[PDB]
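So the structure is just underneath, and the comments pick up after that.
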Amino acid sequence: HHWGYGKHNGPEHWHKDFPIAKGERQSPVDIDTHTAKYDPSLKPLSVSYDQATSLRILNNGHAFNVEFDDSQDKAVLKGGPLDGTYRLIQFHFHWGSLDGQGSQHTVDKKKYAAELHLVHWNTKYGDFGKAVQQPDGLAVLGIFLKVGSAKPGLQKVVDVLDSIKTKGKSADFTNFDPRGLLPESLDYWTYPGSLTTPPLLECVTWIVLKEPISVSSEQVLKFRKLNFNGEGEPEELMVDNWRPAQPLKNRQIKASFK
Ligand SMILES: [Zn+2]
Ligand SMILES: [Zn+2]
């Protein structure tokens, strides 16, 4: 029926409604560190989030999105492998039912507890909807989460989860600064890919940070308490909202570091 992460509508079935699932530039992938090519022509990333305006948080039935005002160049990403300015629209996570799984991307087959996705769209296309139809329409920063020490900057997000428990619920979520979720180093790997969920469009330049951020057990614990279902429907915990690694095919992963 409609796509999700269960046995009956899970990743292995998406291709029936989204044939691009079997495409040539699907995500996520396993990052083989010994085959990734250092490319010294890659520029340092430029993250300008000082004017970031968060507006809302929503449980859309497959994750929780924190949405930003993208009506202007307030929070942008540039540099790295990018040409042009990319505007932040929303961030969300992918996580597991257990600490040993949850991330999309893997590093030498290692899975992390979760993966944060900061989604940006190429301003040359004027709106998000047009940007997704272009090969260079989006730029996604992926940040791994390992369980260890608590991440202070994530707490405001954790505490509001109770109020958007089920699908379709939203809550005002202003004055959240995304800079509290960045690791210390901005070293990355990059490759041409796609959205990790339906519609799986091949419009993303992926920028995966080498350094993971740490979250406490209790923080990741609150993620696992959300529900995939709407209110008054049988309870299905939101967990394991991730997709297995896709073949690399004709692609090269480049590293900004050696
Ligand atoms: Zn994602
Ligand atoms: Zn596209």
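Positions are given from 1, in the same order as the sequence printed here.
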task: Dump the intermediate steps for side chain to side chain donor-acceptor pair (under 3.5 Å) on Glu235 and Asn229, then the final yes or no.
output: CA-CA 6 Å; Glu235 190 172 31; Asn229 58 276; over 6 Å; no
Nearest heavy atoms of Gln104 and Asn241, plus distance in Å: NE2-O, 4.1 Å
field: Side-chain (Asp17) to main-chain (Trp14) donor-acceptor, under 3.5 angstrom
entry: no
Heavy-atom check, side chain of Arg25 versus side chain of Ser194, under 4.5 Å: no
query: Considering the options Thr85, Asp70, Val47, which one meets the side-chain contact (heavy atoms from CB on, under 4.5 Å) requirement together with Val76?
result: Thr85
- request: Group every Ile, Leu, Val, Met, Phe, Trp and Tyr by side-chain heavy-atom contacts under 4.5 Å, then state whether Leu182 and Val208 land in the same group.
  value: no
- prompt: Linking I/L/V/M/F/W/Y whenever their side-chain heavy atoms sit closer than 4.5 Å, directly or via other members, would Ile207 and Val140 fall into one cluster?
  reply: no
task: Inspect the surroundings of CG in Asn175 and state if more than 12 heavy atoms from other residues, nucleotides or ligands are less than 6.0 Å away.
output: no
query: Listed by chain and number, what are the ring-ring contact (aromatic ring centres under 6.0 Å, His included) partners of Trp242, not counting sequence neighbours?
result: none
message: Is it the case that the side chain of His120 and the backbone of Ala139 share a donor-acceptor pair, with hydrogens and angles ignored and the cut-off at 3.5 Å?
response: yes
- request: Would you mind reporting whether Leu226 and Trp95 have side-chain heavy atoms less than 4.5 Å apart?
  value: yes
message: Please report whether the ring centroid of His117 lies less than 6.0 Å from that of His94.
response: yes
- request: Verify side-chain contact (heavy atoms from CB on, under 4.5 Å) between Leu82 and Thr205, making sure each step is shown before the conclusion.
  value: CA-CA 8 Å; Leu82 308 182; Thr205 296; 4.0 Å; yes
- request: May I ask you to decide if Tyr86's main-chain N or O and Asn122's side chain share a donor-acceptor pair within less than 3.5 Å?
  value: no
message: Under the side-chain hydrogen bond (donor to acceptor under 3.5 Å, both in side chains) definition, can you give me all pairs with a residue in residues 156-167, not counting sequence neighbours?
response: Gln155-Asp159
task: Of all the heavy-atom pairs spanning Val66 and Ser54, show the shortest one and how long it is.
output: CG1-CB, 4.3 Å
- request: Answer yes or no: is there a donor N or O on one side and an acceptor on the other, between the side chain of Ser103 and the main chain of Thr106, under 3.5 Å?
  value: no
- prompt: Ring centres of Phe93 and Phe64 under 6.0 Å apart?
  reply: yes
Side-chain heavy-atom pair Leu237, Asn227 within 4.5 angstrom cut-off: yes
message: Counting C-beta onward and ignoring hydrogens, is there a side-chain heavy-atom pair between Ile143 and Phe91 closer than 4.5 Å?
response: no
field: Sequence-distant partners of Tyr125, ring-ring contact (aromatic ring centres under 6.0 Å, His included), two or more places apart
entry: none
- request: If a pair satisfies ring pair (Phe, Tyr, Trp, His ring centres under 6.0 Å) and one of its residues is in residues 129-154, list it, with sequence neighbours excluded.
  value: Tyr112-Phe144
message: Hydrophobic clusters here meaning ILVMFWY residues chained together by side-chain heavy-atom distances under 4.5 Å, can you tell me if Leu45 and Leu42 are in one?
response: yes
message: Taking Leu116 as the starting point, is it possible to reach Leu195 by hopping between hydrophobic residues whose side chains are less than 4.5 Å apart?
response: no
- prompt: Would a 4.5 Å heavy-atom cut-off, applied to side chains only, mark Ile31 and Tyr191 as touching?
  reply: no
- request: State, to 0.1 Å, how close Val160 and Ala171 come at their nearest heavy-atom pair, and which atoms those are.
  value: CG2-CB, 4.3 Å
field: Distance in Å, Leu186 CG paired with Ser256 OG, rounded so as to fall on 0.5 Å steps
entry: 8.5 Å
message: Measuring only between side-chain heavy atoms, which start at C-beta, is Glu67 closer than 4.5 Å to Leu58?
response: yes
query: Is it true that a side-chain atom of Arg224 and a backbone atom of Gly96 form a donor plus acceptor pair closer than 3.5 Å?
result: yes
field: From NZ (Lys169) to CD1 (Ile57), nearest 0.5 Å
entry: 14.0 Å
task: Indicate yes or no for a side-chain donor-acceptor contact from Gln134 to the backbone of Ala131 under 3.5 Å, with no hydrogens or angles considered.
output: no
Salt bridge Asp32-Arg251, side-chain N to carboxylate O under 4.0 Å: no
- prompt: Looking only at heavy atoms, what is the nearest atom pair of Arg179 and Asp177, with distance?
  reply: NH2-OD2, 2.8 Å
- line: So OG of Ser214 and CG of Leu154: to nearest 0.5 Å the spacing works out to 11.0 Å
- request: Answer yes or no: does atom NZ of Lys249 have more than 12 heavy-atom neighbours from other residues, nucleotides or ligands under 6.0 Å?
  value: yes
message: Ring centroids only, cut at 6.0 angstrom: are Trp189 and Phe257 within range, meaning strictly under it?
response: yes
message: Counting only heavy atoms from other residues, nucleotides and ligands, does the tally under 6.0 Å from NE2 of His2 exceed 12?
response: yes
- prompt: Do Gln252 and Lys254 come close enough that some side-chain heavy atom pair is under 4.5 Å?
  reply: yes
field: Qualifying residues under ring-ring contact (aromatic ring centres under 6.0 Å, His included), relative to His62, sequence neighbours excluded
entry: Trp3
message: Test side chain to side chain donor-acceptor pair (under 3.5 Å) on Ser27 and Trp206; report intermediate values, then the result.
response: CA-CA 9 Å; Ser27 302; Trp206 275 99; 3.0 Å; yes
query: Looking at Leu181 and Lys151, what are the two nearest heavy atoms and their distance?
result: CA-CE, 4.4 Å
task: State whether the number of non-hydrogen atoms from other residues, nucleotides or ligands found under 6.0 Å of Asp172 atom CG is greater than 12.
output: no
Listed partners of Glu184 passing side-chain hydrogen bond (donor to acceptor under 3.5 Å, both in side chains), at least two apart: none
- prompt: Step by step, would you call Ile253 with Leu248 a side-chain contact (heavy atoms from CB on, under 4.5 Å)?
  reply: CA-CA 9 Å; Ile253 300 188; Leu248 200 64; 3.9 Å; yes
message: On the six-membered ring of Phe68, is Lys74 placed so that its NZ or CZ lies under 6.0 angstrom from the centre and within 45° of the ring axis?
response: no
- request: Drop me the distance from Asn59's CG to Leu161's CG, to the nearest 0.5 angstrom.
  value: 9.0 Å
- prompt: Hey, does the side chain of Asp108 reach the backbone of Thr33 with a donor-acceptor pair shorter than 3.5 angstrom?
  reply: yes
Enclosure of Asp127 CG (heavy-atom neighbours >12, cutoff 6.0 Å): yes
pair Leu138-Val132: side-chain heavy atoms closer than 4.5 Å: yes
- prompt: How long is the span from the CD atom in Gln246 to the OG1 atom in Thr196, to the nearest 0.5 Å?
  reply: 10.0 Å
- request: I would like to know whether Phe223 and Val158 meet side-chain contact (heavy atoms from CB on, under 4.5 Å); could you show each step before the answer?
  value: CA-CA 7 Å; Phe223 283 20; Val158 166; 4.2 Å; yes
field: Intermediate values then yes/no, side chain to side chain donor-acceptor pair (under 3.5 Å), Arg243 and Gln26
entry: CA-CA 11 Å; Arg243 178 188 191 202; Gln26 287 292 300; 2.7 Å; yes
query: Taking all non-hydrogen atoms of both residues, which atom of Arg56 and which atom of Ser170 are closest, and how far apart?
result: NH1-OG, 3.8 Å
query: Regarding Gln101 and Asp240, is there a side-chain donor-to-acceptor distance under 3.5 Å anywhere?
result: yes
